[PDB]
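Data block below; observations after.
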Amino acid sequence: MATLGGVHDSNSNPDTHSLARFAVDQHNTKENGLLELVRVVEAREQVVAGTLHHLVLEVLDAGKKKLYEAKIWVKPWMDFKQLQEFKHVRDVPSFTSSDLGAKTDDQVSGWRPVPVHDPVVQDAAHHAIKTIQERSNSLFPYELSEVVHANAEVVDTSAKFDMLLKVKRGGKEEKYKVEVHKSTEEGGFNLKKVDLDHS
């Protein structure tokens, strides 16, 4: 259980080198496999929704040196550090003076809930809200208003989605349950059933 917070920069005082190894080993083992840590570059810190570890080191890509940065997400409460991802940068303090950002389009499976307001939840929610109401007939009254809590589940083949949000209509406020399935290359989502939350 350890964290950190304080937007700044250093010269890799602590064991920052090892920190980068864990990050690369994570991506390298899952989808990567062509990055070789050569020599640490620098160590930067920043507070992001709790704790953010920004490290930069010179790696080897297929036999070509290059500086890459790795971001690690940590929290004080849970006190569990986890590497988010690293992007290929250039010999500069910024992202090669270009746009890099972060991307996440990798498959995943497992019986576990899901965050809120995310691109995956907000997507299924908005789709479910309109789909459900449309499932009765051709119409488009309201859409996603405010998500309370969403959770994902792994079915025999597809993936169930149990979430709860509030809908608006003429200045009203009512919560309801939603159950949608997740499919790949099947058009998108497949709303299973729906329920109301007022009992």
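Every chain in the structure tokens has a letter given in the order shown (A, B, ...), and although residue numbers restart at 1 in each chain, ligands are simply numbered from 1 in the order shown.
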Can you tell me, as a PyMOL selection string, what residues are no more than 12 Å from residue 70 (chain A) when counting only C-alpha atoms, ignoring any on the same chain fewer than 4 positions away? chain A and resi 16-27+37+40-45+52-59+82-89+95+101-102
Restricting it to N, CA, C and O atoms, dump the selection as a short mmCIF file (atom, residue, chain, number, x, y, z; two decimals), in the first residue's frame.
```cif
data_model
loop_
_atom_site.label_atom_id
_atom_site.label_comp_id
_atom_site.auth_asym_id
_atom_site.auth_seq_id
_atom_site.Cartn_x
_atom_site.Cartn_y
_atom_site.Cartn_z
N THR A 16 13.14 4.46 -10.10
CA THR A 16 12.21 4.73 -11.19
C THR A 16 12.43 3.74 -12.34
O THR A 16 11.49 3.41 -13.07
N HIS A 17 13.67 3.29 -12.49
CA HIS A 17 14.00 2.34 -13.55
C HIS A 17 13.13 1.09 -13.48
O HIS A 17 12.56 0.66 -14.48
N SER A 18 13.02 0.52 -12.28
CA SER A 18 12.22 -0.68 -12.07
C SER A 18 10.75 -0.41 -12.37
O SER A 18 10.04 -1.28 -12.87
N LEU A 19 10.29 0.80 -12.05
CA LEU A 19 8.90 1.18 -12.28
C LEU A 19 8.53 1.05 -13.75
O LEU A 19 7.42 0.64 -14.09
N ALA A 20 9.47 1.40 -14.62
CA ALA A 20 9.24 1.33 -16.06
C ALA A 20 9.21 -0.12 -16.54
O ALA A 20 8.47 -0.46 -17.46
N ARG A 21 10.02 -0.96 -15.90
CA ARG A 21 10.08 -2.38 -16.26
C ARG A 21 8.72 -3.04 -16.10
O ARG A 21 8.28 -3.81 -16.95
N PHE A 22 8.05 -2.74 -14.98
CA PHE A 22 6.74 -3.30 -14.70
C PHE A 22 5.73 -2.88 -15.76
O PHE A 22 4.89 -3.68 -16.20
N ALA A 23 5.80 -1.62 -16.17
CA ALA A 23 4.89 -1.09 -17.18
C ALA A 23 5.07 -1.80 -18.52
O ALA A 23 4.11 -2.29 -19.11
N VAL A 24 6.31 -1.85 -18.99
CA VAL A 24 6.61 -2.50 -20.26
C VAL A 24 6.27 -3.99 -20.22
O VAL A 24 5.70 -4.54 -21.16
N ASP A 25 6.63 -4.64 -19.12
CA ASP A 25 6.37 -6.06 -18.95
C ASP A 25 4.88 -6.36 -19.02
O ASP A 25 4.47 -7.45 -19.41
N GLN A 26 4.06 -5.39 -18.63
CA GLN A 26 2.61 -5.55 -18.64
C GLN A 26 2.07 -5.53 -20.07
O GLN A 26 1.32 -6.42 -20.47
N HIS A 27 2.45 -4.51 -20.83
CA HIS A 27 2.00 -4.38 -22.21
C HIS A 27 2.70 -5.39 -23.10
O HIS A 27 2.09 -5.97 -24.00
N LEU A 37 14.14 -1.81 -22.54
CA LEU A 37 14.62 -0.72 -21.71
C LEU A 37 16.14 -0.58 -21.81
O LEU A 37 16.89 -1.49 -21.47
N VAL A 40 17.19 4.88 -18.37
CA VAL A 40 16.21 5.83 -17.86
C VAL A 40 16.45 7.23 -18.41
O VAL A 40 17.59 7.61 -18.70
N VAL A 41 15.38 8.00 -18.54
CA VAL A 41 15.47 9.36 -19.05
C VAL A 41 15.23 10.38 -17.94
O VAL A 41 16.12 11.14 -17.57
N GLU A 42 14.00 10.39 -17.42
CA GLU A 42 13.64 11.31 -16.35
C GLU A 42 12.48 10.76 -15.53
O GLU A 42 11.92 9.71 -15.84
N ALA A 43 12.12 11.48 -14.47
CA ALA A 43 11.03 11.08 -13.60
C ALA A 43 10.15 12.27 -13.24
O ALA A 43 10.57 13.19 -12.55
N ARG A 44 8.91 12.23 -13.72
CA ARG A 44 7.95 13.30 -13.46
C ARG A 44 6.76 12.79 -12.66
O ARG A 44 6.38 11.62 -12.78
N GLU A 45 6.18 13.66 -11.85
CA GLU A 45 5.03 13.30 -11.03
C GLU A 45 3.86 14.24 -11.30
O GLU A 45 4.04 15.34 -11.83
N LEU A 52 -0.74 9.92 -10.05
CA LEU A 52 -0.29 9.62 -11.41
C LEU A 52 1.23 9.61 -11.48
O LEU A 52 1.89 10.59 -11.14
N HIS A 53 1.78 8.49 -11.94
CA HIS A 53 3.23 8.34 -12.06
C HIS A 53 3.67 8.45 -13.52
O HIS A 53 3.41 7.55 -14.32
N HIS A 54 4.33 9.55 -13.85
CA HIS A 54 4.81 9.77 -15.21
C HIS A 54 6.32 9.55 -15.30
O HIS A 54 7.11 10.35 -14.79
N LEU A 55 6.71 8.46 -15.95
CA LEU A 55 8.13 8.13 -16.10
C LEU A 55 8.53 8.06 -17.57
O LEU A 55 7.73 7.69 -18.42
N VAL A 56 9.78 8.42 -17.85
CA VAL A 56 10.30 8.40 -19.21
C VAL A 56 11.66 7.71 -19.25
O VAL A 56 12.52 7.97 -18.40
N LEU A 57 11.85 6.83 -20.23
CA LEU A 57 13.11 6.10 -20.35
C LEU A 57 13.43 5.78 -21.81
O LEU A 57 12.53 5.68 -22.64
N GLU A 58 14.72 5.61 -22.10
CA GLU A 58 15.15 5.28 -23.46
C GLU A 58 15.06 3.78 -23.70
O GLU A 58 15.79 3.00 -23.07
N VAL A 59 14.16 3.38 -24.60
CA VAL A 59 13.97 1.97 -24.92
C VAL A 59 14.46 1.64 -26.32
O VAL A 59 14.80 2.53 -27.10
N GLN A 82 -1.25 0.68 -10.22
CA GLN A 82 -1.43 -0.08 -11.45
C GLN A 82 -1.01 0.74 -12.67
O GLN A 82 -1.43 1.88 -12.83
N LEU A 83 -0.18 0.15 -13.51
CA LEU A 83 0.30 0.82 -14.71
C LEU A 83 -0.82 0.96 -15.74
O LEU A 83 -1.48 -0.02 -16.08
N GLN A 84 -1.03 2.18 -16.23
CA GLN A 84 -2.08 2.43 -17.21
C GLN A 84 -1.59 2.09 -18.62
O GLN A 84 -2.09 1.16 -19.25
N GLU A 85 -0.60 2.84 -19.10
CA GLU A 85 -0.04 2.61 -20.43
C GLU A 85 1.08 3.60 -20.73
O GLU A 85 1.21 4.62 -20.06
N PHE A 86 1.88 3.29 -21.74
CA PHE A 86 2.99 4.16 -22.13
C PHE A 86 2.92 4.51 -23.61
O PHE A 86 2.50 3.69 -24.44
N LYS A 87 3.32 5.73 -23.94
CA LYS A 87 3.30 6.20 -25.33
C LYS A 87 4.71 6.52 -25.81
O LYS A 87 5.56 6.95 -25.03
N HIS A 88 4.95 6.31 -27.10
CA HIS A 88 6.26 6.59 -27.68
C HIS A 88 6.47 8.08 -27.88
O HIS A 88 5.76 8.72 -28.66
N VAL A 89 7.45 8.64 -27.17
CA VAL A 89 7.75 10.06 -27.27
C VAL A 89 9.12 10.29 -27.91
O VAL A 89 9.82 9.34 -28.26
N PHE A 95 5.20 15.51 -25.34
CA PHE A 95 4.95 14.37 -26.22
C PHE A 95 5.42 14.67 -27.64
O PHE A 95 4.61 14.90 -28.54
N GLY A 101 -1.83 11.43 -26.54
CA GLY A 101 -2.96 11.01 -25.73
C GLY A 101 -2.90 9.54 -25.38
O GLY A 101 -1.83 8.93 -25.40
N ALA A 102 -4.05 8.97 -25.05
CA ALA A 102 -4.13 7.56 -24.69
C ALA A 102 -5.27 6.87 -25.43
O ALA A 102 -6.31 7.47 -25.69
#
```
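One finds CA of residue 185 (chain A) at 24.0 Å from CA of residue 138 (chain A).
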Which of region 40-184 of chain A end up as helix (DSSP H, G or I) when DSSP is run on this backbone - answer as JSON, numbers by chain? {"A": [121, 122, 123, 124, 125, 126, 127, 128, 129, 130, 131, 132, 133, 134, 135, 136]}
Quick one: residues within 9 Å of residue 60 (chain A), only C-alpha atoms counted, chain neighbours fewer than 2 positions away excluded, as a PyMOL selection string? chain A and resi 34-38+58+62-67
Please identify the strand (DSSP E or B) residues within region 16-97 of chain A (assignment by DSSP from backbone atoms) and present them as a ChimeraX atom specification. /A:35-46,51-61,64-74,82-88
Atom pair CA of residue 3 (chain A) / CA of residue 33 (chain A): separation (Å): 28.5 Å
Residue with smallest distance to residue 180 (chain A) - pool A:196, A:163, A:148, A:49, counting only C-alpha atoms: A:163
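The gap separating CA of residue 144 (chain A) from CA of residue 183 (chain A) is 20.8 Å, in Å to one decimal.
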What's the 6 Å shell around residue 176 (chain A), counting only C-alpha atoms, without same-chain residues fewer than 6 positions away, as a PyMOL selection string? chain A and resi 164+195-197
From A:199, A:28, A:46, A:190, residue lying nearest residue 61 (chain A) [only C-alpha atoms]: A:28
Excluding same-chain residues fewer than 5 positions from residue 173 (chain A), what lies within 10 Å of it counting only C-alpha atoms, as a ChimeraX atom specification? /A:145-146,166-168
Which polymer residues have any atom within 9 Å of an atom of residue 2 (chain A), counting only C-alpha atoms, with same-chain residues fewer than 6 positions away left out, as a PyMOL selection string? chain A and resi 74-76+79-81
Generate a file of the selected residues that holds C-alpha atoms, formatted as a tab-separated table (two decimals), in the first residue's frame.
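Saved the output as result.tsv:
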```
chain	number	residue	atom	x	y	z
A	74	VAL	CA	-2.51	4.94	-8.10
A	75	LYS	CA	-5.05	5.63	-5.36
A	76	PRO	CA	-4.70	6.56	-1.65
A	79	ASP	CA	-3.49	1.99	-2.04
A	80	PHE	CA	-3.13	-0.20	-5.13
A	81	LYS	CA	-0.78	1.00	-7.87
```
